[PDB]
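> fold the following and give me the result.
(chains A, B and C)
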Amino acid sequence: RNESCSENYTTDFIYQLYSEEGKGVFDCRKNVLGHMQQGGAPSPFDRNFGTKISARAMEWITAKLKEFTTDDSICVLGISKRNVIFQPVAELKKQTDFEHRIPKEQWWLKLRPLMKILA
Amino acid sequence: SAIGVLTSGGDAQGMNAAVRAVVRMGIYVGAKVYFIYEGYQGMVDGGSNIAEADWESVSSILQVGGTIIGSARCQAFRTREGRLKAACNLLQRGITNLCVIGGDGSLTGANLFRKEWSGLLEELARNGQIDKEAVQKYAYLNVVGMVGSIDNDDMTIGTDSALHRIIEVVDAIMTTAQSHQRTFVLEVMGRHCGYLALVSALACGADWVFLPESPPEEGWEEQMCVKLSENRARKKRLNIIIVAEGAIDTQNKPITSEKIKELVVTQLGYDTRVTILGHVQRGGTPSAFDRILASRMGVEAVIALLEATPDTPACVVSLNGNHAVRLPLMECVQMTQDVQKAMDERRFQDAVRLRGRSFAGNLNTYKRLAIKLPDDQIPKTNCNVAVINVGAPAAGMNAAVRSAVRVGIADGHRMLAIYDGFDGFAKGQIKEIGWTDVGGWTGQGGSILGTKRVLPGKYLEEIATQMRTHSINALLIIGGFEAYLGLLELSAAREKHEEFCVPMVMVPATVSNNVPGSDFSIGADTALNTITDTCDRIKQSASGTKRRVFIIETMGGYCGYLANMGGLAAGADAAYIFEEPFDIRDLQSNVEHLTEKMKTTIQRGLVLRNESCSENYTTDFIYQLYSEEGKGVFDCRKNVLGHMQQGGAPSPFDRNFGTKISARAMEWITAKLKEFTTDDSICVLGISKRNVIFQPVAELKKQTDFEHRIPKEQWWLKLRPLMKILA
Amino acid sequence: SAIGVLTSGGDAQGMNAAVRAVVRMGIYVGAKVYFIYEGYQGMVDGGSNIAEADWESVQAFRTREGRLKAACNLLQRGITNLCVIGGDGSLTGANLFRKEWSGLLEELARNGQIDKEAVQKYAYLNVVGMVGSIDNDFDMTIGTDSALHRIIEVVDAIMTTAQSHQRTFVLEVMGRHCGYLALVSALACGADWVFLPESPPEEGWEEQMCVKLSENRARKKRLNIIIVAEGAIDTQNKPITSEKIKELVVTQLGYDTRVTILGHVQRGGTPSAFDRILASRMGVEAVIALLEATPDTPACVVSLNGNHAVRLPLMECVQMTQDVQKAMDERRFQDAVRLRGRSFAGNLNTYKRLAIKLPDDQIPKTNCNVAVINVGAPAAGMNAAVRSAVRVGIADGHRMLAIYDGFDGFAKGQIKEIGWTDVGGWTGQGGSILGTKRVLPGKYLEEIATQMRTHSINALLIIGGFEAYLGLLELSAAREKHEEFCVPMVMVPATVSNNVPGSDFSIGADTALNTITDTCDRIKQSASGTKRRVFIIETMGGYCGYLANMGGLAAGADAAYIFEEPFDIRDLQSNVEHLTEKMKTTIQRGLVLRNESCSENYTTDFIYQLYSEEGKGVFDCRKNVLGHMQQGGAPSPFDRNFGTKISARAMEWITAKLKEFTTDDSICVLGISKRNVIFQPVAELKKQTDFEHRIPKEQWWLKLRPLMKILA
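Numbers count the residues shown, from 1 in each chain, chains lettered A, B, ... in the order given. Shown next is the protein structure:
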């Protein structure tokens, strides 16, 4: 359960519902993982990820300084599809759900049917 | 096919609950229900005075006193012309079923209307309506009566409420009569029945009462004045004299309140004041008792109406003490006339008989608690009887202690008070208590002796020693489930400790009503009335906000009594209890139902939840479900009443309950002492069916859910379908 | 040095609170306080009739011989300050006693006292009086509100039975010389007629009254209530009995009439929240007056003048009684009613303009449409307010419009023209018949404007809480874009919380206070014998500490935690320890009130746990969250009258504005400040508002905070 997926249907709520309706068949246990999810040592992927984009970003900074500013001077360097691209924050505003602080369009949602399939 | 409902004669609080129950139960079984306004006069007048009732009509009337469809003394109904008119107006609407809620003769009018139904042939002779109407509606006039007056001609609608009003007045007066040593003469409503007066006097520990059934004997004036002078000797700052309006001599002369005042002033020179309560007795909000009674009665009235046949006589739907019954009408009218006949020829004693066992009992208890004999006249047993309070406090415990102590003293016992339950018992907190010590206790809430939850198990030695050092020959416990457990434990401890081989009896006192062997417990009624009041207020709030459902958490532990009865009297939409399992579908069902309800004009919801009804489906849970599924239709609020729902000072019912039941317990103790171990020496005195019975605790074990501290079978569960039907 | 307190003539509820306040405030200022039992007679008798008061305690005087006795007994105890709480004539004895204090010299002439008491003991007899009667010929007095509660309780009960037939009830209430109680009762129950000792009925009143009743039956009002003061009189100072009124109605109209003489219940019952608080404040002010007294300062009577403690010189009060009586004998009844004060005349005029309607033809119809609405959470007295507003509006020749379900229904066009009969019987109804919502008008500005255009709303009156104020602000802002809002707008404060800026009181708050006190009384009754308990009770009010504070005060709470006064764990600990010591005494109970929003971390649960744990060997706790029941059932009499009057005033303002496109003074809040009801432009109130916590920046009742600890 995502922590903020529902205001009323909390972790406790879901636990109670499953517990009660499952009584003669199964019992439940509830766990809230917490800040341990920030991890200990970074995964190899995260190490390389940080390393790489930071290197490229700094390249961009150096290119910009080698030339007072506009809108393309303030960017987010992100991964889109197969490339890492620079996006002015102004373009990203319309691409943002500021109320819930999530992107309006998220690729991985397309993988949702897989859960049920892989049971 | 169609039911007509009306209210006739003196207006009772809870008449609206009755009308509501009749309408809703009627619609429920698929019948057409019609209001008949202005009692019988509406029936005669016709037109606008007979209007069809829909579900919404009877909403927001339950908590209101009087009768929303009104009442008027019809004269035209006493004439054949008017009964013809009424018959006509009824036939026009196809009404052939009648539910009459009201006083004494208001029913006789319906009974006579029943016997005299052949006015239709007359109107056929007088072609006022065509034939084939004749044969279709003729011998098919169904009649059911509901006693809805305070005259009480069993329990009638409004009596508890009126009693509430009276005792409210008395309690209010007690706060002002510290200003000098004043005597208050209160005239309450009784022209022929002295029930209201008797019960008022018993509920307030009145110094004197005057009844039409039992006139005072010569020379009562001297005795009454000596009693009052004794009270000032006892330095009691107050005096209360309850007077039925129809108070009479042995010579059928009325005894006015002014006459009483004149007597007190002339003989004792006391500051005496008269108050004629009057119609306030009829007003105010119906108590939980009257609401529930009226509801059950209205429903039973509809059922009776359906099950009736042409051979079936007109009946009065009644409560013969906590189960629904149908009494033949003519028999009742004949009883009233029997009593009347007895009063006129001065057969006052059989009149008191004719009133019933309840009456004579209330009266005997009042007498033996109000009048004390001098010690020289008390044979005196050399026995020591102990009184104790065990468990949580319950409103009416002090009344119980007062009763027990005074009855014990009258029976020649030396009474001993044990303070702070078994905690104080083990600690030797024992003091011989007297007649005066318990004075004025009746209306006191909480526990003056003190009560604790602690069981005797760990201190069997310490208590035994005490029982031996004080020579306790018998024990009466006033308390809840813990009292019962205590009795069980002492019963077990008997063999090792001879001190426990004495007769022991308990009377159930708890807001929860979870003591096995009793249909009712002292303190519960007060809690119900507080709960109902709070729900009235909440219901009002939702009514002004609109599109609101309140989830209200009640007390009771695992016992669903308060949640259920409270829900019933409050007009709750649902009441979730442990005794009745509920799953997510039931909850969703109620959600959908409330959704539908929000389309109507009554855009409010009231959901009660017994505190321990579910481990998973908590108050929060239910609130979240209702909130989420109600989105766009209604929103919720959660309220946890907390222990304050238990109330403050005991309700009149709880006062009298404690008084009477404790008096009886003491009677049992004296009888037992008038002779060693076995099992019936340790009992629970409880209410079962129409009777009060003594039950050995050992027998009650098999009837107990010790895991949840509730009786295995609880009568009121049979009333569960009513909630849904009336909401 | 030593204070003597006694009661003479008193029959009012709240006297004990007064006596308590005197004792404790007295001990607090370092004085010795003594009870004097049996009034002045106790002072004369001496001995046991005068007993020293400690924290837990909580014919002859007309002969010179007896005053000598009394003087002696006081001197024995060093008692030199007298506080007399009681009736009319009860103070004059103390005043003359003061002036006659040279009885001390007489006692030196005899051997009753040495000389060093004369000089140590003359010229300081300081006397202070407190009105503790309900029929006060000699402002608001202790017991008035409580009596009003009693009467209105009776009336409310009778009203449900007066449907059994169309009964007309003639109710005899307490007024032998003062007609305040009768008038105010009538205003509180929407009585069909009232009879007062100061203002006799005018010419052909019998016919007028019968016409009124017949009109009520025409409009199908199922009942009639006539309030009669005990000393009801005609223009010839002969009495107008209730019996006579009944005879009149029976003879002329043939209605089912009943007489009810309320009597001593009026004097009984529990003191109201108002009376408890008033009495406490009075006792405190009395002790203060006693200390601040000089030999030159005359004996005074402590009073409350517009939510302020005042000291009135006694002789002025008796001179008032004598002036009024003189006017009564000389039949200058208007001069008498005049002498009663502005409040009286106001109550009377409002009652009249609400009880008696002129036929439409005699009402110059202004072609204006005035809208009435309820905004925010429900408050007891909203319906009374709507009734008043509507009827005054109609009387002023307006077409009244009712808007249902606040701005929600407003936006939905839930608008229906309302009439005189429609609001009948509303006075004693709790909640909101129109319906009320917290939703603000901001997001439905177009939708509302359209409605104001389709219905031609020329003015708007809002009965509501903080949300109403916010709404007014929003509409004020919306004016330029929507011309429909360029109409006069006024609000009257209605909320249990009393958090509306520009008002010292709001409709519904009093009912709530009485709910808190009632609940605390019942809690006290229940488990009365249990001992070593502290109750933690959570009240409403939002961030506003009014309910928690005043409720605590009237309840005799040991603490009241509010947002307006920050508290940390040390403060909590201090109170816990204080209660621990308190459990050593004879009063082994604790009562802790908590404003729901007083702290983010220090919740009701938190406080309960701290008290429970630190109190383990000494006491245990119980927790209660009162909930929406604090909105009340039937509105208290005070809230009923408050709604009625304030709304009437508001409507007067509206008609005045229409008798004259708008600015800032066209959108106001009508609130109570000190002693006056004033109209304040919302823009001006902005500077006085904490919009973050929805409470006023400055709240009067905060000066009463030290009282809590003092009164323990």
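> now do the contacts for the nearest residue to residue A:89 once chain neighbours are set aside.
Nearest non-adjacent residue to residue A:89, counting by C-beta to C-beta, 6 or more residues apart in numbering or on different chains: residue A:74, 5.4 Å away. For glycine as for every other residue, the C-beta is placed from the backbone atoms N, C-alpha and C. Neighbour list for residue A:74: A:88, A:89, A:90 [criterion: C-beta atoms under 8 Å, 6 or more residues apart in numbering or on different chains].
> and if you look at residue A:64?
Applying C-beta under 8 Å, 6+ apart, we find residue A:64 in contact with residue A:73.
> list the contacts of stretch A:91-108.
Here stretch A:91-108 makes contact (C-beta under 8 Å, 6+ apart) with A:4, A:76.
> if you set the cut-off to 10 Å instead, what comes out?
A:4, A:71, A:72, A:75, A:76, A:78, A:79, A:80, A:81, A:87, A:89 (C-beta atoms under 10 Å, 6 or more residues apart in numbering or on different chains).
> most proximal residue of chain A with respect to chain C?
residue A:99 (15.8 Å; C-beta to the nearest C-beta).
> now do that residue against residue A:4, distance only.
According to C-beta to C-beta, to the nearest Å, residue A:99 stands 12 Å off from residue A:4.
> just give me the neighbour total for residue A:76.
Neighbourhood size, residue A:76 [other C-beta atoms under 10 Å in any protein chain shown]: 13.
> so it sits in a strand?
Yes. Residue A:76 forms part of a strand when assessed by DSSP: H, G, I helix; E, B strand; the rest coil.
> which residues are in contact with it?
Residue A:76 sits next to A:57, A:85, A:86, A:87, A:88, A:89, A:91, A:92, A:95 when contact means C-beta under 10 Å, 6+ apart.
> nearest to residue A:25 among the residues you listed?
residue A:95 (45.1 Å; C-beta to C-beta).
> tell me the centre residue of chain A?
The centre of chain A sits closest to residue A:102, judged by C-alpha atoms, centre = their mean, with a distance of 7.7 Å.
> backbone phi and psi for it, please?
Main-chain torsions, residue A:102, degrees, to the nearest 10: phi -140, psi 150.
> so how far is residue A:2 from it?
Counting by C-beta to C-beta, the gap from residue A:102 to residue A:2 is 11 Å.
> residue A:29 now?
According to C-beta to C-beta, residue A:29 stands 19 Å off from residue A:2.
> same thing with residue A:75?
29 Å.
> can you mark which positions in the lengthiest helix in chain A are buried?
Longest among the helix segments of chain A by residue count, using DSSP state H, is helix A:44-65. Using 16 or more other C-beta atoms under 10 Å in any protein chain shown as the test for burial, helix A:44-65 gives no buried residues.
> pull the CA atoms of it into CSV?
C-alpha atoms of helix A:44-65 as CSV (Å, rounded to 0.1, in the frame of the first residue of the first chain):
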residue,chain,number,x,y,z
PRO,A,44,25.2,0.0,-7.6
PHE,A,45,22.6,1.4,-10.1
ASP,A,46,22.0,4.4,-7.9
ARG,A,47,25.7,5.0,-7.5
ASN,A,48,26.3,5.0,-11.2
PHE,A,49,23.1,6.9,-11.9
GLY,A,50,24.1,9.8,-9.6
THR,A,51,27.7,9.7,-10.9
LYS,A,52,26.7,9.8,-14.6
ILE,A,53,23.9,12.5,-14.6
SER,A,54,25.9,14.7,-12.3
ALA,A,55,28.8,14.5,-14.7
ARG,A,56,26.6,15.4,-17.6
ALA,A,57,24.9,18.2,-15.7
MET,A,58,28.2,19.7,-14.8
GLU,A,59,29.2,19.5,-18.5
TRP,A,60,26.0,21.6,-19.2
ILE,A,61,27.0,24.1,-16.6
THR,A,62,30.5,24.5,-18.1
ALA,A,63,29.0,24.9,-21.6
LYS,A,64,26.6,27.6,-20.3
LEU,A,65,29.3,29.5,-18.4
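> now find how far off-centre it is within its chain.
Computed by C-alpha atoms, centre = their mean, to the nearest Å, the chain-centroid distance of helix A:44-65 equals 19 Å.
> how near is residue A:22 to chain B?
10 Å (C-beta to the nearest C-beta, to the nearest Å).
> meant to ask about residue A:91, not that
Counting by C-beta to the nearest C-beta, the gap from residue A:91 to chain B is 35 Å.
> let's verify that residue: helix, strand, or coil?
Secondary structure, three-state DSSP: residue A:91 is helix.
> how close does residue A:80 sit to residue A:103?
Distance, residue A:80 to residue A:103, using C-beta to C-beta: 11 Å.
> kindly apply the preceding question to residue A:59 instead.
Separation of residue A:59 from residue A:103 (C-beta to C-beta): 25 Å.
> please apply the same query to residue A:32.
From residue A:32 over to residue A:103 the distance is 25 Å, taken as C-beta to C-beta.
> comparing those two, which residue is more hemmed in?
More crowded of residue A:32 and residue A:103, by other C-beta under 10 Å: residue A:103, with 12 against 8.
> show me what that one is bridged to.
residue A:96 (DSSP bridges).
> distance check, it against chain B.
Residue A:103 sits 26 Å away from chain B when distances are taken as C-beta to the nearest C-beta.
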